[PDB]
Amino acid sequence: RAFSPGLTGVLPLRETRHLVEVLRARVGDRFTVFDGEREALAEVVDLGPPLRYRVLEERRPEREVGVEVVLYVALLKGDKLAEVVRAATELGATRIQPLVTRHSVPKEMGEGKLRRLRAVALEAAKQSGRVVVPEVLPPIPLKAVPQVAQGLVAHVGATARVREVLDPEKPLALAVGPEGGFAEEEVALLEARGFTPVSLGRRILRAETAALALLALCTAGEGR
């Protein structure tokens, strides 16, 4: 795959070189090009440089992470979850699950909130390139959080880095605590669901910044 800003048929110097120089490209070879916004298949026309290609068929850029990415975040005060669902949507979350935690101020979510979150979601995906829209389900209790093939819980009291446990091939389950945070009993209770504690640095982070940090380290970090 090559990088061509705009898919105009003119591969920038760097791209032209590597393909012909290193990869050893010739006239006829069918490769793909993308500019980050769209993509398509091509057929090396002239080696230039710059190498001029022939777009054969417009492709649909891979936008999804690859595995299911569930975000279990505690109900936040105000419209915080609105900023979370947005960033999370553009970060790869394929499903967002609000959680009712001991210290989570709000204990429930009205159809109005669940409405705006879904609105924000279906918009964030649209504005991120994603065609898939993350599912924003009605809140539930921690106890409901099922067993997970893989789970990471942003825990201030942890020593494990995400890049030391993250298994790219297996689905992903994330968990962030409310403004107050997860209760010592809640945390371990999640670990009993398959959630491995993870640190997001040596500074206190808002539930929103925490969900973003965690998410970014499991997708944007791995370049997926």
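For every residue, the number given is its place in the sequence shown, counted from 1.
Checked against the record, the higher mean CA B factor of 164 to 172 and 34 to 42 lies with 34 to 42. Looking at 68 to 76 and 101 to 109 together, the entry lists the larger mean B-factor for 101 to 109, computed on C-alpha atoms. Of the candidates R59, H155, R193, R63, it is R59 whose Cα B-factor is highest according to the PDB record. Remark: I204 belongs to the middle third of its chain, ranked by C-alpha B-factor as recorded.
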